[PDB]
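Two versions of one and the same chain are coming, encoded as structure tokens; call them structure 1 and structure 2.
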Structure 1
């Protein structure tokens, strides 16, 4: 749906298939959620995952105690202390009984995402929003869907939620198992909410170094379906090869992303989105359109709330999106959106000039055009 066109697939070169592409693993547009576990216990193993393209850290609260999860949360902070340029996001998976693991464990530790289990209505997401309160106003709520009633109210749930998480095993007639995956991802894509595909795609990586040919295909299809994120479960938690699993994920994502017809993807989006778009959203459209027209390397989005960056991400430009924010809660929450890499800033040329030097160091190159957007609404085009 958000993948290759007839023309895009037929233009796949021999160099893409025969010769391994050499690119920075974190330059990938699709983002990776790793479930932290006993194999991730080591700080040396956590930094290895970051270099292998880890973007979001999952803390599965359905097993274990708070005191052991505090040890992981402290460990990943030390791992993030080692690599200053990169920044991670923290997600907590739920299992009433998890209310003490939400009100006390998530609020104090400062998680970014809440994976609320077995949500059935739009009323349910208001309850988890009320329990969080003003102190938990920055924590994003992500409904997981395992129940048929949740699919029936999916539109009403999507509208209030901060993005949804979907797993193939949770949804289960066996013939119509892929339909749900494709329907929901596309509906999220149009609404602009980020989608996490939780399905364990690489269950072979738990014991074997390289995955089966069918599992590779499965991952590629999910990227081409239009998912923002993918998830490793047993591969990272209790597997023999956790680092090589994330490395393979980023490799497949980068390879699948090379097939995407971004021109078609934009047109598909513009044609389907509701008739009346706001003034701010119109400028965001121009930014993407201009980025494609001049083949720019970056779109720098200056935002505080993370709203402006969330507008660029909806229309999915081919180039990288660089979000610049003063809020450290913003720069960690935007990891849920694909094609978004964010940098924390202090307080026009103030942050844009510094962004170009930082992107050149994380090579972006000299002689490139860059699009800057700030929201009342501004759009700058500067040479590198």
Structure 2
């Protein structure tokens, strides 16, 4: 039903033993970094750009519009210091989240086998006996025996009980639990809007005026939720890409229809693991990546990729393989959440993420990858897709150092990225929206151009920029595509 396969690797002793020698920003896999107090300064944001940050994620689960607007201003200043590293701006919606209230002493130590009751009144200041929940209809949604998870599942509670005003639970494990933590109610219908009023106002009064490029919509359940977001964006938001977050059972069941309506997908592994059991999450990840790859839809793999680096300067062995395998699975982007937003090693986390990406990208057999993609796609295809596919096959056959794509809307660049070239895709566009939105596709780096007139010289200009960025050198071949109906091969010579 869902054939899923990692790219074959050719792993050499040289690659294992010889250190990496390329700029981190030469990587093909792109990185979404969540902003927060740990990277609030312009100086730290510039360091994250240099380490490999490509898209900035504003998590509207927390903070006010003024908090995010101040962050956005420091990002714009960081952008001015790296004007050719064009960052995409992503708004991540709160969605139908459920959270615990506040605590009498800010933290509580629940003990295993102890009782814990939760109350519908959100202004209660709780303690170890008692805590508030932001979901007013909690008593009517849970039936006895259901499990309640708090703080990314750091503690779980079995619903022994329910009444009109509250629920009684037994703590299934001991844990220290902080303020305002998330709660999951697996296998329970939660009566909250998928797109809330707050969500609609974050999209309309922040993402549109501020110029965000992506809406990452939480807990999406149907193709209709996506169509509603597109309709709210309206003509003024027509260039903002919709990225549904798949993090519950409904989003899995309806994934094919959600994907068809979407501009791309985020694999929201934290909530997904709490809604389906954790052992299943890798199945969902590899299947969504495979389906997105076949459709040419970009996908972001998210959550706990390098989690221990919130506290440690190096990741665990499982964290290393998680980043590499997400690359080898076919992800376009990988993501950091607390590792950049609130941890002690944000630059180090982005740095090692880029280094793992580079190792995983370098070991791939791109001949077999290309053949396996073409083997899995029905023909005839459109002229545009066939020319883009030939740019990739040609580049691999001669070991070209780049593919230059002239693209108004980005469509040509997306089609080339679908065929996963070993080399960088240098997309040229006159549209500001296009050069930032393309960041969600693997291997695409964009340059804003004034125009496409004199395609010969625009290509020769782009070749000049590529040599200046050390992406190509005398003796290299480059592929150029425009039209999407023309492909040219140019050898770089001494002039």
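Numbering follows the first chain given and starts at 1. For clarity, a rigid core is taken as the largest C-alpha set superposing within 1.5 Å between two forms.
With the core held fixed, the Cα of residue 10 is displaced between structure 1 and structure 2 by 2 Å or more. The Cα position of residue 266 changes by 0.7 Å between structure 1 and structure 2 once both are aligned on the rigid core. Here the two forms are laid over each other by their core, and the C-alpha of residue 167 is off by 2.2 Å between structure 1 and structure 2.
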